[PDB]
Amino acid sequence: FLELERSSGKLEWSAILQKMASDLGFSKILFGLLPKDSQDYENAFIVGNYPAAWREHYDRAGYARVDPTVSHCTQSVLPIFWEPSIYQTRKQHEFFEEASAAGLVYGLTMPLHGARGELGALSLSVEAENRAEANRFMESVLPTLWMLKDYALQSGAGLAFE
């Protein structure tokens, strides 16, 4: 947590965070941040190792308005697990199908709501045999990740805009 905080560059900060996430057992992750009063998701500060095809697909498809975790983040400060039950609409079912093709099935999204009104998330994806395995690997790290999502948000909001 110290290294993150003390990091002076976007590039080095992302590497510190990326590795931490990896050490915890997370394959692909995404740190997204928007500033105050903004909802232009596609022109947000993005960091992570999410598949490049997945992400440009997502942007062109207008998937911010379809991803069930994006609206959750506007409504809560609590984590949302990528359970099948959140994919409810016709498109959300297609979204899930396409997300799984890109290798993102299991995981959780932790909403970010910064002191200067910034809105974002730290999503983390785990590779597990089944959902019960993924919840087990996600719960064992859950208290560490909670402290991490606010350190990431406090340091990451400095570098994103300031």
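Definition used throughout: the rigid core is the maximal C-alpha set that superposes within 1.5 Å between two forms. Residue indices: 1-based, along the sequence shown.
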- request: Just give me the stretch that moves more in 4 other deposited structures of this protein: 118-126 or 39-47, judged by RMS C-alpha distance after a core fit.
  value: 39-47
message: Which of the two stretches, 3-11 versus 151-159, has its Cα atoms farther on average from this form in 4 other deposited structures of this protein when everything is superposed by the rigid core?
response: 3-11
query: Once you work out the mean C-alpha B-factor for both 108-116 and 55-63 from the entry, which is higher?
result: 55-63
field: Which of 92-100 and 64-72 has higher mean CA B factor, as the PDB entry lists it
entry: 92-100
message: Is residue 50 in the lowest, middle or highest third of its chain when residues are ranked by C-alpha B-factor?
response: middle
message: Sorting by Cα B-factor within the chain, modelled residues only, which third would residue 34 end up in: lowest, middle or highest?
response: lowest
- line: Sorting the chain's modelled residues by C-alpha B-factor and splitting them into thirds places residue 44 in the highest
task: Would you mind checking where the Cα B-factor of residue 81 ranks among the modelled residues of its chain, as the lowest, middle or highest third?
output: lowest
- request: Relative to the other modelled residues of the same chain, rank the CA B-factor of residue 126 and answer lowest, middle or highest third.
  value: lowest
